[PDB]
Amino acid sequence: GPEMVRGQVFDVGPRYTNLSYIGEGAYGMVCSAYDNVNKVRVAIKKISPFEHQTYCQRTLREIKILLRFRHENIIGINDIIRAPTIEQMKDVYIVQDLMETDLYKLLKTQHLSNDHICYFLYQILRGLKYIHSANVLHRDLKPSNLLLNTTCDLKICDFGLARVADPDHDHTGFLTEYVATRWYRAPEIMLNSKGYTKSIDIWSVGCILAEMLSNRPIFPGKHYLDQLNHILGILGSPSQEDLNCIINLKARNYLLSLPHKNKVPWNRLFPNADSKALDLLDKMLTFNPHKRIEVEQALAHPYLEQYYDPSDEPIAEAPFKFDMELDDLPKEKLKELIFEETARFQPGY
Ligand SMILES: Nc1ncnc2c1c(I)cn2[C@@H]1O[C@H](CO)[C@@H](O)[C@H]1O
Ligand SMILES: [Cl-]
């Protein structure tokens, strides 16, 4: 029978054998496996989305985006295993290059040198530059979605929440639900934003930089709204100019109800950090998303001067485009699209 990892069956034989657990997500599990064809150990992610429409949308978007993308700092799809007929297909296995660890695991074991912080940050932004050049957003950047090896190569993974940027439809009401990981949410998520602009990813990168500098999450909110209070606990109360960009009266009245909070200087939090790193951090963790630094500007910052080189930083050929609007289609419709997108990998074809 097929192999089984922590109660989950990975029906990936006979090509991929000798499976071993690596990690897990909301509707996914990741193992390592030996590819008998290529004679290398790979990573395989089992995804089981078909009972829920939202999980099918995200599965389709991640597959279509990662099959289109090709970049050294972004995880790629080597192979997709599913059933020969649409009725036997209940799981999708995505085969990827195996990496050794992720940054979340690494930060539990070690304090990074400034040299390693700088190089990791460079690679995050180099990958992000490519993603944003395609008009795509990752929307869930965090240490556990940054894969590493012992030679300090970095790859961004887990594009389940990725979308094409859509600034015209970014506005939403106060206290709306959000799926991306709480500690890395920009303040506007809780006030007026759906996370449909590039500035959402820059904030998360700033949070990651803070964590590399200190091995502490900078904004560890205990609950949805407490997250915003922690952000203001460092940035201080927003200025009148920034207050005036929030039109939502419920959001604006909430901010005006808070006591005044002082801005906490970065070097109190990070007393041993490179001062150029803290200047870049300041520009990434700007309250106002319209004043927040953009990805190319971040790469061009003095902190990254020893690495920034546009002649060695690929961009996408053109903006990514979804043919049809995925938010409406029922999960049975979405399941057919996923079946079609995976046909090229099936034996035959
Ligand atoms: N290719 C890979 N190589 C090594 N580990 C991997 C991957 C992939 I895809 C994911 N992971 C690990 O599993 C967690 C859930 O995606 C991630 O947070 C991460 O720890
Ligand atoms: Cl709350």
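Order of appearance sets the numbers: ligands from 1, and atoms from 1 within every ligand. Numbering of residues begins at 1 and proceeds along the displayed sequence. Heavy atoms only: backbone and side chains are in, while hydrogens, waters and symmetry mates are out.
- Few gaps surround CZ on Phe174; more than 12 heavy atoms of other groups in view lie less than 6.0 Å from it.
- Other residues, nucleotides and ligands place more than 12 heavy atoms under 6.0 Å from the CD atom of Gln110.
- Cluster annotation: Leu326 is not connected to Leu161 through the hydrophobic network of ILVMFWY side chains, with a link wherever side-chain heavy atoms come within less than 4.5 Å.
- Qualifying side chain to side chain donor-acceptor pair (under 3.5 Å) partners for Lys155, counting only residues two or more places apart in sequence or in other chains: none.
- Other residues sharing a hydrophobic cluster with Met29 under the 4.5 Å side-chain heavy-atom criterion for ILVMFWY residues are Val5, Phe10, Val12, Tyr16, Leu19, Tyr21, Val40, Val42, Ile44, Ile81, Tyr93, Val95.
- In terms of the ring pair (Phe, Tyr, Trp, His ring centres under 6.0 Å) criterion, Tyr303 has no residue partners (sequence neighbours excluded).
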Which pairs of nitrogen or oxygen atoms, taken one from ligand 1 and one from the protein, are under 3.5 angstrom apart?
unit_1   : atom_1 : unit_2 : atom_2 : d
ligand 1 : 1 (N)  : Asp97  : O      : 2.8
ligand 1 : 3 (N)  : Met99  : N      : 3.0
ligand 1 : 16 (O) : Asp158 : OD1    : 3.2
ligand 1 : 16 (O) : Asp158 : OD2    : 2.8
ligand 1 : 18 (O) : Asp102 : OD2    : 3.4
ligand 1 : 18 (O) : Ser144 : O      : 2.6
ligand 1 : 20 (O) : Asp102 : OD2    : 2.4

